[PDB]
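Trainee: Before I ask anything, let me first share the structure, which is written out below as structure tokens.
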Amino acid sequence: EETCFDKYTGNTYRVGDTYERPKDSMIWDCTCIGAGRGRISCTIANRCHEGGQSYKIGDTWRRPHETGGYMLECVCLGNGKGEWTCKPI
């Protein structure tokens with residue numbers, strides 16, 4: 001059967017199956033390409049993470065303030081860069 005194996009995760013994938021693979025202190029979105037011995041194709045994911053947990057594009061993680069004593073509220077904007085915006089109260 002057409003399946004690709006990623007030694008990083010340890011689970012095989014059928015053709016057209018995408019998964020998550022941690023590459024160099026990062027999370028990669030990988031897909032399995034058929035034909036041959038199951039070629040593995042991996043490309044970075046269009047998301048924003050770091051700090052403590054992962055964050056999606058346009059997502060929010062309104063949590064306390066790192067440099068303040070009040071609940072901080074921040075957002076994440078993609079646009080192929082990885083920017084964020086917060087407005088504490």
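Chain labels A, B, ... are given in the sequence in which chains occur in the structure tokens; within each chain residues are numbered consecutively from 1, and ligands are likewise numbered from 1 in the order shown.
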Got a sec to tell me which of chain A DSSP assigns to strand (DSSP E or B), as a ChimeraX atom specification?

Mentor: /A:3-5,12-14,18-22,27-33,39-44,48,51,53,55,60,64,71,74-77,83-86

Trainee: Using only C-alpha atoms, which residues sit within 12 Å of range 6-21 of chain A once same-chain residues fewer than 4 positions away are excluded, as a list in words?

Mentor: residues 1, 2, 25, 26, 27, 28, 29, 30, 31, 32, 33, 34, 35, 36, 37, 38, 39, 40, 41, 42, 43, 44 and 45 of chain A

Trainee: What does the file look like for those residues with N, CA and C atoms, as an mmCIF file, in the first residue's frame?

Mentor:
```cif
data_model
loop_
_atom_site.group_PDB
_atom_site.id
_atom_site.type_symbol
_atom_site.label_atom_id
_atom_site.label_comp_id
_atom_site.auth_asym_id
_atom_site.auth_seq_id
_atom_site.Cartn_x
_atom_site.Cartn_y
_atom_site.Cartn_z
ATOM 1 N N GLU A 1 0.841 -1.230 0.000
ATOM 2 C CA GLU A 1 0.000 0.000 0.000
ATOM 3 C C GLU A 1 0.863 1.263 0.000
ATOM 4 N N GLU A 2 0.375 2.312 -0.665
ATOM 5 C CA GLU A 2 1.096 3.582 -0.747
ATOM 6 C C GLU A 2 1.102 4.307 0.599
ATOM 7 N N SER A 25 13.059 22.495 17.360
ATOM 8 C CA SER A 25 12.267 23.341 18.265
ATOM 9 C C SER A 25 11.140 24.073 17.524
ATOM 10 N N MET A 26 10.470 23.361 16.617
ATOM 11 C CA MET A 26 9.371 23.931 15.835
ATOM 12 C C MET A 26 8.398 22.831 15.414
ATOM 13 N N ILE A 27 7.198 23.221 14.978
ATOM 14 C CA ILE A 27 6.190 22.259 14.531
ATOM 15 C C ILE A 27 5.965 22.402 13.027
ATOM 16 N N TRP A 28 6.167 21.305 12.302
ATOM 17 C CA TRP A 28 6.026 21.294 10.849
ATOM 18 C C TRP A 28 4.782 20.545 10.393
ATOM 19 N N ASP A 29 4.116 21.088 9.377
ATOM 20 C CA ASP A 29 2.948 20.441 8.795
ATOM 21 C C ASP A 29 3.437 19.594 7.625
ATOM 22 N N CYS A 30 3.380 18.277 7.784
ATOM 23 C CA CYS A 30 3.890 17.369 6.761
ATOM 24 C C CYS A 30 2.779 16.616 6.031
ATOM 25 N N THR A 31 3.078 16.242 4.786
ATOM 26 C CA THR A 31 2.165 15.495 3.920
ATOM 27 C C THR A 31 2.908 14.298 3.316
ATOM 28 N N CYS A 32 2.197 13.207 3.017
ATOM 29 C CA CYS A 32 2.847 12.020 2.452
ATOM 30 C C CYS A 32 2.538 11.885 0.961
ATOM 31 N N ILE A 33 3.610 11.859 0.163
ATOM 32 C CA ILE A 33 3.517 11.741 -1.290
ATOM 33 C C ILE A 33 3.750 10.290 -1.726
ATOM 34 N N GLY A 34 2.861 9.775 -2.580
ATOM 35 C CA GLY A 34 2.976 8.400 -3.046
ATOM 36 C C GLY A 34 4.068 8.206 -4.086
ATOM 37 N N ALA A 35 4.074 7.024 -4.715
ATOM 38 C CA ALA A 35 5.058 6.677 -5.746
ATOM 39 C C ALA A 35 6.451 6.459 -5.151
ATOM 40 N N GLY A 36 6.942 5.217 -5.236
ATOM 41 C CA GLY A 36 8.262 4.890 -4.715
ATOM 42 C C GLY A 36 8.212 4.202 -3.359
ATOM 43 N N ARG A 37 9.101 4.622 -2.454
ATOM 44 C CA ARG A 37 9.178 4.054 -1.104
ATOM 45 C C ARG A 37 8.460 4.942 -0.090
ATOM 46 N N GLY A 38 7.529 5.746 -0.590
ATOM 47 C CA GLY A 38 6.765 6.640 0.265
ATOM 48 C C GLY A 38 7.530 7.902 0.618
ATOM 49 N N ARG A 39 7.726 8.776 -0.371
ATOM 50 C CA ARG A 39 8.450 10.033 -0.164
ATOM 51 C C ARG A 39 7.755 10.904 0.886
ATOM 52 N N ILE A 40 8.550 11.559 1.738
ATOM 53 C CA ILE A 40 8.011 12.430 2.782
ATOM 54 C C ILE A 40 8.310 13.897 2.458
ATOM 55 N N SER A 41 7.252 14.704 2.340
ATOM 56 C CA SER A 41 7.387 16.129 2.034
ATOM 57 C C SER A 41 6.906 16.975 3.215
ATOM 58 N N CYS A 42 7.790 17.824 3.751
ATOM 59 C CA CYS A 42 7.442 18.667 4.900
ATOM 60 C C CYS A 42 7.671 20.151 4.629
ATOM 61 N N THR A 43 6.699 20.961 5.048
ATOM 62 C CA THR A 43 6.760 22.412 4.900
ATOM 63 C C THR A 43 6.235 23.075 6.157
ATOM 64 N N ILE A 44 6.877 24.173 6.536
ATOM 65 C CA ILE A 44 6.491 24.909 7.733
ATOM 66 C C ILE A 44 4.990 25.222 7.703
ATOM 67 N N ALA A 45 4.390 25.431 8.874
ATOM 68 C CA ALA A 45 2.957 25.714 8.958
ATOM 69 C C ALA A 45 2.673 27.209 9.105
#
```

Trainee: Set the distance at 7 Å and use only C-alpha atoms: which residues neighbour range 57-59 of chain A once local chain neighbours fewer than 5 positions away are removed? I'd like the list as JSON, numbers by chain.

Mentor: {"A": [47, 48, 75, 76, 77, 78]}

Trainee: Using only C-alpha atoms, determine which residues lie at most 12 Å from residue 69 in chain A, disregarding the query and same-chain residues fewer than 5 positions distant; provide the list as a list in words.

Mentor: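 Contacts, in chain order: residues 63, 64, 88 and 89 of chain A.
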
Trainee: In terms of the shortest atom-to-atom distance over only C-alpha atoms, which of A:67, A:55, A:23, A:46 is closest to residue 80 in chain A?

Mentor: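 Selected residue with least distance to residue 80 in chain A: A:46.
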
Trainee: For a quick check of understanding, using only C-alpha atoms, which of A:83, A:72, A:62, A:3 has the smallest distance to residue 49 in chain A?

Mentor: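 Answer, going by the shortest atom-to-atom distance: A:83.
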
Trainee: Please measure the separation of CA of residue 22 in chain A and CA of residue 56 in chain A, giving the value in Å to one decimal.

Mentor: 16.1 Å
